[PDB]
């Protein structure tokens, strides 16, 4: 069941998204991590989907595939990601976080967790539970 969407929703969500992005960028820099939030997003994808093929990155989207391969080689060079040839499909490369990349991703997850705790702590338990419900409602219909 579909409804027209309130013109105030995009700017509200986006202002929160920009606050979170800005906090994260600033924490990565200040804590000397030297990663951009898209570096952060890629390490998280590799960690979430253990062994994913290189091509499975940005799979259900329009993408410049040369760019994703450029980013991976960059992360590889930095000792954060390693590749293994996929045994079931030798033209495929499985991606894994190295020991160092796992640690860096963990540091980044912790930063993201803190930024979110800052966002949500001011809301009462009831406001927080309502928020969860409303976001889940939007997700449960995809």
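Numbering follows the first chain given and starts at 1.
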**Request:** Taking the mean of the C-alpha B-factors per stretch from the entry, tell me the winner out of 53-61 and 26-34.
**Result:** 53-61
**Prompt:** Comparing 87-95 with 109-117, where is the mean C-alpha B-factor higher?
**Reply:** 87-95
**Request:** For residue 43, return the chain-relative third of its C-alpha B-factor as stated in the PDB record: lowest, middle or highest.
**Result:** lowest
**Request:** For residue 104, return the chain-relative third of its C-alpha B-factor as stated in the PDB record: lowest, middle or highest.
**Result:** lowest
